[PDB]
Protein chains: 6
Amino acid sequence: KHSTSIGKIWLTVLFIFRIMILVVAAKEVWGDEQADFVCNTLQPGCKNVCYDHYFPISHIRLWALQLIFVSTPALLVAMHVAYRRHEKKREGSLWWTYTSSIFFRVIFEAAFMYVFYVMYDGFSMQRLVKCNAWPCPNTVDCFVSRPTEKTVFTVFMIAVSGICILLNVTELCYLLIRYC
Amino acid sequence: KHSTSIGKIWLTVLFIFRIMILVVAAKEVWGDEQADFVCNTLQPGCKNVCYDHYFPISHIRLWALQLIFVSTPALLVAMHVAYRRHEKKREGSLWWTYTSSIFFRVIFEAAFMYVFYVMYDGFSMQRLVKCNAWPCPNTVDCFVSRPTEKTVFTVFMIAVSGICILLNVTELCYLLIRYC
Amino acid sequence: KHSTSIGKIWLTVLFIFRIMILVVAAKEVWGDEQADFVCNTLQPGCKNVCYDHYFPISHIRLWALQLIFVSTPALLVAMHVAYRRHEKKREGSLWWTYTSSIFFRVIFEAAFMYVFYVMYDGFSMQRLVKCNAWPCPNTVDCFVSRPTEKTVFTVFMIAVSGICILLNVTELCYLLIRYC
Amino acid sequence: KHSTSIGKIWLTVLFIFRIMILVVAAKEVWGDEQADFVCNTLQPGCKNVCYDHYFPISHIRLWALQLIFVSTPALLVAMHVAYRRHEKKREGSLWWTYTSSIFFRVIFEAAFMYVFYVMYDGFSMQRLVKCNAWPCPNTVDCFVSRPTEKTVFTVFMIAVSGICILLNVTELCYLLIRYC
Amino acid sequence: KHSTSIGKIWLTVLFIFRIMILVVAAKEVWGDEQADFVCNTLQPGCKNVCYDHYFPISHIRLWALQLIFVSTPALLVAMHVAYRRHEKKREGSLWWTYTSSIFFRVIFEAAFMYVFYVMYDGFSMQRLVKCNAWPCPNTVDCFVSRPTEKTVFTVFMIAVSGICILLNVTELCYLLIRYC
Amino acid sequence: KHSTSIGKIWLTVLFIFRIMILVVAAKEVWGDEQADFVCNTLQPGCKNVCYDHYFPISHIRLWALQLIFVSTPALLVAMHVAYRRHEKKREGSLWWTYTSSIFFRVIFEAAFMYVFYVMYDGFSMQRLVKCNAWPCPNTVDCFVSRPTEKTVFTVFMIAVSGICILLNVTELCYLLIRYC
């Protein structure tokens, strides 16, 4: 509604960039994450628990959840605006919705980025994971599928999300120096 | 027709949220539920009956049935309204359809949530299931595919359904304090 | 054309209900019907003939044929009406087409329901099928994939088809008490 | 252009019927025609040549070719009409195109039906085929996937094609009793 | 722009015919070209190099490249025409673009047909290929998947391409007897 | 906005050419890149690390990233233009956006072409790769799937990208001889 140049151009383009990466290239990279997960063992069920332990949620599913979460505040505004428009036919209020929506986008973007770091150590996928969860005997060596390609796409998504955080913080800074 | 702000915004957004989770992320998590179901046994047919025993209906199929059921009352209203519109050209009556439709949505939402709890104990998927159905000899250990990721998506869908119940109860409360 | 409330609302909603069940949930339930059909034998070709014997046509293919058959009479009417409209530009006749179309819909619905019962005994799929067709030696035990989930969807489709029969019979009753 | 009731209603509906069967139900029946083709032998390459010998072209591909061939004469007319319309802006001639198009449809329909009979003996798929093509040693037993379901759909397609031939012959009879 | 009857009817219909064959029937025929390529050997890597040696590019990929290549000259004209239209608002020139576009279509059609012959000997696929490329020991027998069905579709595409060449040559003949 | 003939015709046609190659033919040439990657070894995990070592990112994913990157500058301009249009309603500036966009396209095109050369040596895929990464014992022979077909498509994409660089350099040359 009252977006700046970066609000409606550099934020909408980067959002489409993230979706395009997810659906065109990234999704099929993760297609055989479990199928080509190879563990050096003869113990039945060891592969299931080790993959589940080291990948509690896939990266692409986490990114899909993140994109769904950061697009919801914009969607809520587009229905509140279309509702107040018809209600009158039957600033101030609009300002508080647009400032909170930016605030919620920053929180959602930072929360998922924090989840990525805590759950997956850093941002580089390792070739070998060592697993001692039951029923694997002692420690079992398992090997990840396409660790390098997944690292490349992880860096792309994290870097763009970090840029989107900065582009949202500046808009909050601009809106919080005039009003207050 | 006579919806409040939460009726046409917070209820329609949450409904789209559930569909987006189901088709974009959740469905492929359950892609190999039976293909990667691994049992420690040499008995033919044991894997078929143990998977069937512990998963009488898949979670995503239950969620798809729930969404189809909770969207039907809205669909029925949108056809009754378009029918009465042309019938006159050839409140009161509309009020009773909109109050019952909300009532049926609450019952449908609560019924499926109850089915989820009774059928699947709690809301967390276990890594190991112990099965003694014929023809499995004694008790056979079987291992579930992606139990943690399925648990995460189960919590998401249950929480949103619980919120949707509250958003529907308040609208019934508002409509049942003015008329009665 | 001259449909009642149940003719254009409760019949069109149920028809869409059946299609949504078929394409969104049911079809992938039957995805691995033969792939996970497991027989306890070492005889080549035994699995092929036993599956063919017990599933001469898949449930979803029978339902797809049923929906195609019960939608043609309506499609024929919508083209006859659009043809008579332009022919004049270049009741009575329309009444006989709409009464026969309902009649054919009832026959098609009842015929497929009868085919379901005769071919598949009841409406519950069994876990074990015993097969003695050549080249299987003596009697061979075979195990069905997802028997419980298939039973659940079978009951849903049969119940809705039975309701659709009743909704079509009443319209025939209403049209056959005024004219005759 | 100058079609009768059966020309534009009963012929167009049956054509959509054939396409609907092909794409919705029939295509996935033939999905594992070679994958589940099982031969009782240890000879490498025997399965490839026996399947190729007994299925020189799949039924669904033959039906797809038939539908493409019987729809081209109508497509050619729809471009000739749109070409003569603009040419004048820049009967007799139209009659000869519409009579030949019906004639070519009958020939194409009968040619493919004749191909089906000659290539595949009758219209019922057998469970067992005996194959002695090199490099199979002596005669090798092979087993077809879903022979009964394929027979059911073969009968449907042949019966509808036979009806379409009759519906096209009558139109030729009507056009060949007035002009000649 | 200045096309004859065969230019805009018989050439556009045949082009759609080739696309329809490619996407509806032909593409799935080549679905398991390498998966069902069977060689009589125990040498790892032998199957990879023999399939690559005998199929440097798949037939459907070659046909897709042909259709893409023979469609750009028409696409280039449709953008040059829309560019000159707006440029004036801001014959002779159009004639030279339409004559060269037909010329390039003939060259592209003939080049790919020549590539098909040189690369694949004739137009019939053989059941057996004998391969001696490293690391295969001596000569290894390998067997092609669906050779007869692929031969049938190869003949269809070659015959239509030959017809399209003749339809393009006549238009060049007509355009080169009036101007010169 | 101020594009020449080559800017809006020969550059947009080549861009569509690259997308058509990628989605219609190229993507499923790379469909089984890892599935048919065959290594001569019995060491678990050896295949995973050798494929990852020699294919850090798939060619099609690199091309998809390249197309996304070289289409962003045009997308940014189309939103800046639509933003300045409405801002006035509420040359010079447009010139600097269109000149930088061409500049960024050249850099992005050259950067990815350089990445292709450095990462993959030349532009021809080899049949055999020798791999000594842990845990592979000594040096292990591995064999690539469809090396010749991938080489053919690699040459096509490199040649078109090189042409696109030249078409973009000339436009920069034309714009940098009038202004400067």
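In the PDB header, cryo-EM is given as the technique by which the entry was determined, and 2.3 Å as its resolution.

Caption draft 1: Spotlight on the overall build of chain A. Within chain A, the regular secondary structure consists of five helices and three strands. Taken from the N to the C terminus, the helices and strands of chain A come in the order α-β-α-α-α-β-β-α. For chain A, the C-alpha radius of gyration of 21 Å lies well beyond 16 Å, the compact-globule estimate for 180 residues. Each principal axis of the C-alpha distribution contributes one length, and for chain A these read about 70 × 30 × 30 Å. Within chain A, the proportion of its 180 residues that are buried is 49%. Counting only carbon and sulfur atoms, one obtains 66% of the accessible surface of chain A, whose full area is about 9,000 Å². Computed over 17 positive and 12 negative side-chain charges, the separation of the two mean positions in chain A equals 12 Å.

Caption draft 2: View of the pattern of salt bridges. Applying the stated rule across the entire model yields 54 salt bridges over all chains. Of the charged contacts, one joins F:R127 and E:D52 as a salt bridge, the two residues approaching to 3.3 Å between their closest N and O atoms. One end of the pair, F:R127, is in the loop between helix 4 (93–119) and strand 2 (128–131); the other, E:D52, is in helix 2 (residues 46–54), on a second chain. A residue is classified by how much of its surface remains accessible, and F:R127, at 29% relative accessible area, is partly exposed. The closest approach of N and O atoms between E:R61 and F:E149, which form a salt bridge, is 2.8 Å. With E:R61 in helix 3 (residues 59–69) and F:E149 in helix 5 (residues 147–178), the pair connects residues from two separate chains. The same class applies to E:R61 as to F:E149, namely buried. Salt bridges linked by common partners bring A:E28, A:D32, A:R146, A:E149, F:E33 and F:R61 together as one network.

Caption draft 3: Main features of the sheet that holds strand 3 (residues 140–143) of chain A. All names here are of chain A. On the basis of which strands lie adjacent, the open sheet formed by three strands has the order 1-3-2 and antiparallel pairing. Edge positions in the sheet fall to strand 1 (38–39) and strand 2 (128–131), since each has one partner strand and no second. As paired elements, strand 1 and strand 3 share two bridges and run antiparallel to each other. Looking across to strand 3, one finds that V38 is bridged to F143. Across the sheet, helix 2 (residues 46–54) lies against strand 1, strand 2 and strand 3, angled at about 110 degrees from strand 2, the strand it touches most.

Caption draft 4: Fine view of the arrangement of the chains. Separated without contact, chain B and chain E have their nearest C-alpha atoms at a distance of 20 Å. When C-alpha atoms are compared, chain C and chain F, though not in contact, are closest at a spacing of 20 Å.

Caption draft 5: Geometry of the interface of chain D and chain E. Of the residues lining the interface, 27 residues belong to chain D; the matching set on chain E comes to 28 residues. Of all residues in chain D, the largest losses of buried area upon contact with chain E belong to D:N48, D:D52 and D:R61, amounting jointly to 24% of the total for that side. Run the count over chain D and chain E and you get four salt bridges. Inspection of the region where chain D meets chain E yields 12 residue pairs in polar contact. Elements represented by at least two residues in the side of chain D that touches chain E include exactly helix 2 (46–54) and helix 3 (59–89) of chain D. For the side of chain D that touches chain E, the element with the highest residue contribution is helix 3 of chain D, accounting for 11 residues. Here the side of chain D that touches chain E is built from residues that sort into 16 nonpolar, eight polar and three charged.

Caption draft 6: Expanded view of the relation of the copies chain D and chain E. Relative to chain E, chain D is turned by 60 degrees and slid 0.0 Å along the rotation axis, the superposed coordinates differing by an RMSD of 0.0 Å. Those values place the two copies in the arrangement expected of a six-fold rotation axis. The C-alpha atom lying nearest the rotation axis in chain D is that of D:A35; the distance is 10 Å.

Caption draft 7: Summary view of a nonpolar patch on the surface. All names here are of chain A. The grouping of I16, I19, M20, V23 and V24 at the surface amounts to a nonpolar patch, some 380 Å² of accessible area in total. Among the structural elements, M20 can be located in helix 1 (residues 5–29). The class of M20 is partly exposed, set by a relative accessible area of 33%.

Caption draft 8: Broad picture of the environment of C:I19. Along the chain, C:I19 falls in helix 1 (residues 5–29). Separated by 48 residues in the primary sequence, C:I19 and C:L67 place their C-alpha atoms 7.8 Å from one another.

Caption draft 9: Layout of the packing of helix 1 (residues 5–29) of chain B against helix 5 (residues 147–178) of chain B. Residue and element names in this part refer to chain B. The interhelical angle for the contact between helix 1 and helix 5, taken along N-to-C directions, is 165 degrees, at an axis separation of 11 Å. As judged from the angle between their axes, helix 1 and helix 5 are roughly antiparallel. For the pair helix 1 and helix 5, the sense of crossing is left-handed. Of the residues belonging to the contact of helix 1 with helix 5, the class tally is 16 nonpolar, four polar and four charged.

Caption draft 10: Main features of the UniProt feature "binding site: Ca(2+)" in chain A. In this structure's numbering, the residues bearing the UniProt feature "binding site: Ca(2+)" are A:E28, A:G31 and A:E33. Mapped onto the elements of the fold, A:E28 is located in helix 1. As for its placement among the helices and strands, A:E33 is situated in the loop between helix 1 and strand 1. Residue A:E33 is classed as buried on the basis of its relative accessible area, which comes to 4%. Filtering out sequence-adjacent residues up to four positions away, A:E33 remains in contact with A:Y51, A:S58, A:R61, A:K150, B:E28 and B:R146. Only 3.2 Å separates the side chain of A:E33 from the side chain of A:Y51, close enough to count as a polar contact.

Caption draft 11: Structural view of the pairing of strand 2 of chain A. All names here are of chain A. Burial along strand 2 is one-sided: the residues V129 and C131 are buried and none of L128 and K130 is. Pairing between strand 2 and strand 3: four bridges, direction antiparallel. Within strand 3, the position partnered with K130 by the bridge is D141.

Caption draft 12: Local environment of a positive patch on the surface. A contiguous patch of positive charge on the surface is contributed by A:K27, B:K27, E:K27 and F:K27. Tracing the backbone through its elements, the reader meets A:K27 in helix 1.

Caption draft 13: How the structure looks around the interface of chain A and chain F. Listed as interface residues are 28 residues of chain A and, on the opposing side, 28 residues of chain F. Interface area for chain A against chain F, summed over the two sides, is near 2,400 Å², with a carbon-plus-sulfur share of 68%. Among the residues chain A hides against chain F, the three largest losses belong to A:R127, A:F143 and A:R146. Together they make up 23% of the total. Here chain A is connected to chain F by four salt bridges. For A:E28, the salt bridge is made with F:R61, and the minimal N-O distance between the two is 2.3 Å.

Caption draft 14: Highlighting the UniProt feature "transmembrane region" in chain A. In the numbering used here, UniProt assigns the "transmembrane region" feature to residues 7–26, 60–80, 98–118 and 152–172 of chain A. Annotated as residues 152–172 of chain A, this span is 100% helix and 0% strand, and its ends, taken at the C-alpha atoms, are 31 Å apart.

Caption draft 15: Fine view of unusual backbone geometry. The peptide bond linking D:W134 to D:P135 adopts the cis configuration, its omega dihedral lying at 5 degrees. With respect to the secondary-structure elements, D:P135 resides in the loop between strand 2 (128–131) and strand 3 (140–143). Notably, C:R146 is not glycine yet its phi reads approximately 50 degrees, a positive angle. Within the secondary structure, C:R146 is located in the loop between strand 3 (140–143) and helix 5 (147–178). Owing to a relative accessible area of 3%, C:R146 belongs among the buried residues under this scheme.

Caption draft 16: Broad picture of the state of the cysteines. Under the counting rule described, the total for this entry stands at 18 disulfides over all chains. A sulfur-sulfur distance of 2.0 Å marks the disulfide that ties C:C50 to C:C131. Its S-S torsion of about -85 degrees marks the bond between C:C50 and C:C131 as left-handed, since a negative value means left-handed. A single burial state applies to C:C50 and to C:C131, both of which are buried. Residue E:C46 pairs covalently with E:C136 via a disulfide, S to S 2.0 Å. Every disulfide takes its handedness from the sign of the S-S torsion; for E:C46 and E:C136 that torsion is 115 degrees, giving right-handed. Both residues of the pair, E:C46 and E:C136, count as buried. Listing the disulfide partners of chain A by sequence rank of the bonded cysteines yields 1-6, 2-5, 3-4. Unpaired in terms of disulfides, F:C173 finds its nearest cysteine sulfur in F:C180, a separation of 12 Å. Taking relative accessible area as the criterion, F:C173 reaches 45% and is therefore assigned partly exposed. Take F:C180: its relative accessible area is 68%, and that puts it in the exposed class.

Criteria and cut-off values
Residues numbered from 1 in each chain as written, not as in the entry; some residues may be left out. Chains lettered and ligands numbered in written order. Part of a larger assembly, values for the part shown. Heavy atoms only, no water. Helix = DSSP H or I, 4+ residues; strand = E, 2+ residues; numbered from the N terminus. Rg over C-alpha atoms; globule rule 2.2 N^0.38 Å. Buried < 20%, exposed > 50% of the residue type's maximum accessible area, 1.4 Å probe, protein only. Areas by Shrake-Rupley, 256 points an atom, 1.4 Å probe, with all protein chains shown as cover. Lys, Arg positive; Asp, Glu negative; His and termini not counted. Charge placed at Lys NZ, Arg CZ, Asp CG, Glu CD. Salt bridge = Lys/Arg side-chain N within 4 Å of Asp/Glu carboxyl O. Pairing = 2+ DSSP bridges. Contact = heavy atoms within 4.5 Å. Axes fitted to C-alpha atoms, helices over the stretch in contact; angles between N-to-C directions. Buried area = accessible area lost by both parts, 1.4 Å probe. Polar contact = N/O pair within 3.5 Å; in protein donor to acceptor, adjacent residues only side chain to side chain. Nonpolar A, V, L, I, M, F, W, Y, C, P; charged D, E, K, R; others polar. Least-squares fit on C-alpha atoms. Patch = residues over 30% accessible without salt bridge, like charges linked within 9 Å, V, L, I, M, F, W, Y side chains within 5 Å. Parallel < 35°, antiparallel > 145°, perpendicular 65-115°, else oblique. Left-handed = near helix turned anticlockwise from the far one by under 90°. UniProt positions renumbered as here; feature names shortened; annotations may be inferred. Disulfide = S-S within 2.5 Å.

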